[PDB]
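Read the figures in this text as sums done on the coordinates, not as results from a lab. Please note: Cβ atoms are built from the backbone with ideal geometry, for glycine as well, and neighbour counts cover all protein chains shown.
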Amino acid sequence: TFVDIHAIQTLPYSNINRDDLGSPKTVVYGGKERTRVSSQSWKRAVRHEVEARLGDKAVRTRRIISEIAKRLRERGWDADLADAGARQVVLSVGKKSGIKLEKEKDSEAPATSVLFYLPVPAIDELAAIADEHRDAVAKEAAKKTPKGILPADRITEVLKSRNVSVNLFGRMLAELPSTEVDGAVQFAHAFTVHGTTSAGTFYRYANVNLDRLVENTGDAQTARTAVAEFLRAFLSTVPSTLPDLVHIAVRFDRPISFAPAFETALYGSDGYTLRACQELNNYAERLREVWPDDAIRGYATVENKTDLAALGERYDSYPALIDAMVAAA
Amino acid sequence: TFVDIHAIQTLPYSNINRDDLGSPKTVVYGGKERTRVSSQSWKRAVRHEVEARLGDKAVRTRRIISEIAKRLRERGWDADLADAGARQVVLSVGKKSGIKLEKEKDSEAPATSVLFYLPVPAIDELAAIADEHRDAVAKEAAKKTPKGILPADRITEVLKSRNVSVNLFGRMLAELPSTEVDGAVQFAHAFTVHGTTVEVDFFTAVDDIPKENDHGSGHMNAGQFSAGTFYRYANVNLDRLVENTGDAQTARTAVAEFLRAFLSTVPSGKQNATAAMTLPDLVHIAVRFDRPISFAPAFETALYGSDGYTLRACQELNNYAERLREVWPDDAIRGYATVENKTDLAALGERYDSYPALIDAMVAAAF
Amino acid sequence: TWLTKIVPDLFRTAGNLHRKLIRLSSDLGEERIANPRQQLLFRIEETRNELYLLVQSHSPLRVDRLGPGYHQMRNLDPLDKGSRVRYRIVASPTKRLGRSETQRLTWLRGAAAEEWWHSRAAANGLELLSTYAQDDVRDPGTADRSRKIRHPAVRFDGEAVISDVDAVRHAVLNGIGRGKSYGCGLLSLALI
C-alpha cells in the first residue's frame, strides 16, 4: 500500500535550486555540507509535468477574484458587475464575513490573503454560480457594504473539487477546513551523496500512500494512472539528466528511505556513481535482512558493471519498471 | 522486570517536531545545543501504531458529550434528549455537582474542561447506561437545572476500563482519581548525539495567475529544519504493566508490540515536505532486574564532526555500555541488532540478525 | 593579487567606503586601455554594523585609524580547466538606452540577468549566476567627489568550470560589471 521510489541522479549546475541570496541550498548532513534541492521545487516540477501530461490542470493562485472577473466579463457582464460578482463569490463563504482580502491595489481586484488551489473548470463553475444570481448581485453592488448573497453550500461544493494534483499532493485552506485534502505523496529533499563546497550525484526519495490516493480519487483505476504517472514524472522532470539508478519498492508495512546509507559522506577523487549505487545496494541488503518483509522490489540501472542483487528483479527500462511495480500494487 | 531499549537513528533534514514558532526543539546539553524530538510526540506515534496494530483504540478527547450524543442519537433518541442525556452522563459523576464544562459554544455540546482518555467501546457503554434511564432523563430535561440522576458507580466502572494504551502509558483524571492509572513506560526525549545548528530554508510559493512586469511569487517564508543521528531510550516496567493488564500474556503481547512500535514509528511532522522515514541504525534491548539505565551520559560530550557520526555513536554507546557493566555489575540479559558490520560491539550482548528476532528473544527472556 | 579580510568602523555612505579603501594605499597605479577594463576589487559582506568586507588588491594594506587591531592578510597567486571550483559575485546588470529629456538602467526578470552574466564570462569560466532583480549614495560635499545616485546590485554563486584559465583569471583581476568602485566586480573562487 506504500510505493516508494529511490533514485540516484547526477545533476547539472544550472538546474539547482537557489536560496534567498543565490547560493544553492545546503544540508550539513553527517557533519559535512551537502547541496540539496528542496522538495517543494522538484514537487512543483512534478505537478506541472503531471498536469501537462494527464491534461487536467489545477491552479494555486492568490488572485481568484480577478480570474472569476474575466469569466464573468466574457459571459456578458459589465466590468463593474463582474468585479462585484467575484467579490460576492469570496464574500459569501467562510465562518467570518468573508475570505479575508489583501489591501486594495489601484485598478486591480484585491488578492485573497491565502492561496487557493483548485482546478480550472471549478473556477469556471464558480463563475456560473455567480452568474445565475446576477440581479441579486446588482442589488448588492449598489449598497455600501454588500453581504454574501450567493449560496454557501454550492460554492463550498465547487471549492471541494479535486484535481489529480490535489489528490496526489493535498491542499490546505485555513478558512475552509472542509476543503483540505490529505496529501498522498511524501517528497524528500534531494541531497548529494558526497560533500560539496554546484554539481554532484543527488539521492532522491519519495513515497506514495496508496490507501490515501485511492481514498482521494475514490476509484482504484484513476489512482493507478495517477501513481504510474507520478513515478514517471519523478524520473523525467528537473526543476529548471536522467537518473543513474532507480529502485521502486512496493512495501506494505511502512516506507523506508535509504538516506542513512549516505550519511557517511563519500571521500571522492573517483566517480561517485558506482560507489553510490553499490552503497545503496549494501544498505538495501542490510535492511532487508534486519527488517524482513514481503515487499515487491525492483530496480533499473544504467551501469552494468554490477548486478546489485539486493535491489530485487532488474528491469531493462524505466517504463518497464514502473509498469511492473504499479501492476504489482 | 525492567525492559529498556536504546536506539541510534539518523534523520535526514526532517524537522519532525516543532516548537511554538516553527523551530525544531533543542536541548543545550553538554554545553552544546542539540535538536531534540519531544517524548510526547514519539509516544503519540507509538500509541497510534500500537492501537492500529493491536486493534483496540483509546480516545483522548475534550468533547465526550458530543460523541455520546451521536450514539444516543443512533439509538433512537431525539437530538435534544441525546444532548440532555449526555449532559446527565457527565453531570452524574465526580465530587462536586458534575464534571466542569467549558463555556458553551453555539450549536454544539460543551467540551469538558479536562481531556478524557478512554477506549471506544467504553464510550458506547456509557451511551447504554444513559439509554436505560431514558424516562428519568426526559423528566430532568424539563427542569431548569437538572441533577445527576444516573448511577455514579456504573459510570465510574465504565470510566475505569483500560485500553492497552492506558495500561502502557497511564492516564490522569483530576476529578476522578479512582480512574488514574500509573504508566508502565518511561519515554525519553530523543536528542542528537552531535551539536546541531538550526538550518533555515528560505522558501516561496509562486502565484499561478501572472500580472505584467512581475513573476509574481505569491508568498515568502523561512522554514527551519535540521538533521542528525538521534539517541533514543525507553523503559517498560514489567511489574506495573503486569499489574495493569492483570494477566502476563496480554502484558507479553503489549511489551513486544511496544518495542516493535518503538523501532518502526516516526513522529510524522512535516513529512510530506520531507520524507524522514528511517529505521534505527542500532538497537540495544537490555532486560534488567535492578533498575533501568539510560546511556544518555555517553553522548554528553558532543561529537566533533566532519565524519559520519553513526559509526562513532555506535562505538561510543558500546564503550559506555562496557564501562557501565564493569562499574555496575548485573545479571541483566542483554542483546543488540545493528546495520553496520564494521564492528562487533562486544559489550552490547548477544547479536541478533534482525530487529524482530531481537525483540522476540528479549521479550521471551523476560516473560 | 592578494586577499584580505578588513572592516571599516566610524561608513554612512558608499563613496566614503571607496575613499576608505583608497586612503590606506599610498602608491597607487592605474593602467588603462581605451574601451577595455581598468586595472582594487571588493565585496560587502556584513553592513548593518561597521561593515565587514573582503578586499582583493595589488598594493599592500596596513591598518589605519579605527581599523582592525591588527594589520587577516594573505598574498595569493592563482586553476585546471574542466575542474569545478566555487564562484561568487556582485554586479549590476543593465541596459543602456536613449532617455527622454544616455541612460544606464526577457530580457528585471531572472533570465536575461542569467543571459547578461554568461555573456560577461563568455569563453572564460562557465558558471550559473544567482539572479537578483531589484543601494543609494550621495556626495559627502567634497568638491569633485561624485554627487548622488541610486543603483541595483545582483549576487551570483556556485562552482564554475573554466574554459580558458588565463582569461577567467584575467576576468577575476579586472572585475565583472560596472561600478566596481561601489561594491561590484569581485568574483571569488574556491576548490570543490
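For chain B, the longest principal axis of the alpha carbon atoms and the long axis of helix B:64-74 meet at an angle near 60°.
For B:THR26, the residues 5 or more places off, or on other chains, whose built amide H falls under 5 Å of its own are B:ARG36.
Working note: Karplus 6.51/-1.76/1.60 with θ = phi - 60° gives the stretch B:134-144 the couplings 5, 6, 5, 5, 5, 6, 7, 5, 7, 6, 6 Hz, where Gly and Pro are set to x.
Give the residue from B:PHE2, B:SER97, B:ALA142 lying farthest towards the positive end of the charge dipole for the stretch B:1-151; charges sit on Cβ (+1 for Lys and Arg, -1 for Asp and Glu) and the dipole is referred to the Cα centre. Looking along the dipole axis, the top candidate is B:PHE2. Spin-label model, B:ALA136 to A:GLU175: label points 7 Å out along the Cα-to-beta-carbon direction sit 5.0 nm apart.
For the stretch B:262-367, the residue among B:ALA357, B:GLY308, B:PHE367 whose Cα projects farthest onto the positive side of the dipole built from Cβ charges is B:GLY308. Under 12 Å from a label point set 7 Å out along the Cα-to-Cβ vector of B:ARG53, the amide N atoms of the stretch A:243-267 belong to A:253-254. Kindly express, to the nearest 10 degrees and within the range 0 to 90, the angle between helix B:309-327's C-alpha long axis and the longest C-alpha principal axis of chain B. Here the helix axis deviates by roughly 90 degrees. Taken along its principal axes, the alpha carbon cloud of chain C reaches lengths of 49, 44, 35 Å, longest axis first. Scaled against the 2.2 N^0.38 Å expected of a compact globular protein of N residues, the Cα radius of gyration of the stretch A:116-177 reads 1.32.
Straight-line cross-link partners of B:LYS144 among the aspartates and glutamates, defined as a Cα under 17 Å from its Cα and at least 8 positions apart when in the same chain: B:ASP80, B:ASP83, B:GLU104, B:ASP135. Look at the dipole of chain B built from charges on Cβ: of B:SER178, B:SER268, B:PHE203, the Cα furthest out on the positive end belongs to B:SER178.
Cross-link reach is defined here as a Cα-Cα straight distance under 17 Å, omitting same-chain residues fewer than 8 places apart; for B:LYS25 the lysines meeting it are B:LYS43, B:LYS270.
Test of understanding: in a Gaussian network model of chain B with alpha carbons linked when under 10 Å, which of B:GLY94, B:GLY349, B:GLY228 would top the mean-square fluctuation ranking? Answer for the Gaussian network model of chain B: B:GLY94. Each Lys and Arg adds +1 at its Cβ and each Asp and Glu adds -1 at its Cβ; summed about the Cα centre, the stretch C:89-180 shows a dipole of about 560 debye.
For chain B, what does the relative contact order come out to in percent, with C-alpha contacts under 8 Å and a separation of six or more? This gives 27 percent for chain B.
Counting Cβ atoms of other protein chains within 10 Å of each residue's Cβ and taking the mean over peptide A:259-268 gives 5. Counting only the Cα atoms, chain B fills a convex hull of 197 Å³ per residue.
Taking 1.567 mPa s as the viscosity and 4 °C as the temperature, the Stokes-Einstein diffusion coefficient of the stretch C:79-192 based on its alpha-carbon Kirkwood radius rounds to 84 µm²/s.
Averaged over the residues of A:200-207, the number of partner chain Cβ atoms lying within 10 Å of the residue Cβ comes to 2.
Sites listed here are trypsin sites (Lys or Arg not before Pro) in the stretch A:54-137 whose DSSP assignment is loop and whose Cβ has at most 16 other Cβ atoms within 10 Å: A:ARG75, A:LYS95, A:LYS96, A:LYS100, A:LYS103, A:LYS105.
Here A:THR264, A:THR61 are placed in order of increasing Cβ neighbour count within 10 Å, fewest first, which gives A:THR264, A:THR61. The simple Förster model, with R0 at 41 Å and r as the Cβ-Cβ distance, assigns A:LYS96 and B:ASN341 a FRET efficiency of 0.10. If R0 is 25 Å, the Cβ-Cβ spacing of C:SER188 and C:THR106 corresponds to a FRET efficiency of close to 0.35. Computed from point charges on the beta carbon alone (+1 for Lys and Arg, -1 for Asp and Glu), the dipole magnitude for the stretch B:239-318 about its Cα centre is near 140 Debye. Each listed q (0.08, 0.09 Å⁻¹) maps to a log10 I(q)/I(0) for the protein assembly as shown from the Debye sum over equal C-alpha point scatterers, namely -0.96, -1.15. Per-residue Karplus couplings for the stretch B:162-179, computed as 6.51 cos²θ - 1.76 cosθ + 1.60 with θ equal to phi - 60°, are listed in order as 10, 7, 4, 5, 5, 5, 8, 9, x, 9, 9, 9, 7, 6, 10, x, 6, 8 Hz, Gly and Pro entered as x. Please compute the Cα-Cα pair-distance distribution of the stretch C:1-78 with 5 Å bins starting at 0, giving whole percents from short to long. Each 5 Å bin holds this share of Cα pairs: 3, 13, 25, 26, 17, 10, 4, 1, 0. Report, to the nearest 10°, how far helix B:355-366 tilts away from the longest principal axis of the Cα atoms in chain B, using its own Cα long axis and a range of 0 to 90°. Here the helix axis deviates by roughly 70 degrees.
Return the average number of partner chain Cβ atoms within 10 angstrom of each residue Cβ along peptide B:221-229.
3
Helical content of chain B, expressed as a calculated mean residue ellipticity at 222 nm, amounts to -11000 deg cm²/dmol (DSSP H runs of 4 or more residues, -39,500 (n - 2.57) each, divided by residue number, nearest 500). Amide H contacts of B:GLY170: B:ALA184, each under 5 Å away and 5 or more positions distant or on a separate chain (H built 1.01 Å from N in the peptide plane; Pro and chain starts excluded).
Please state the charge dipole magnitude for the protein assembly as shown, taken about the Cα centre, from unit charges on C-beta atoms (+1 on K and R, -1 on D and E), reported in debye and rounded to the nearest 20.
Dipole magnitude for the protein assembly as shown comes out near 2960 debye.
For chain B, modelled as a GNM whose springs connect Cα atoms under 10 angstrom apart, the maximal fluctuation among B:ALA58, B:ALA222, B:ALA337 occurs at B:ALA222.
Between the alpha-carbon centres of the stretch B:85-100 and the stretch A:181-235 there is a gap of 50 Å.
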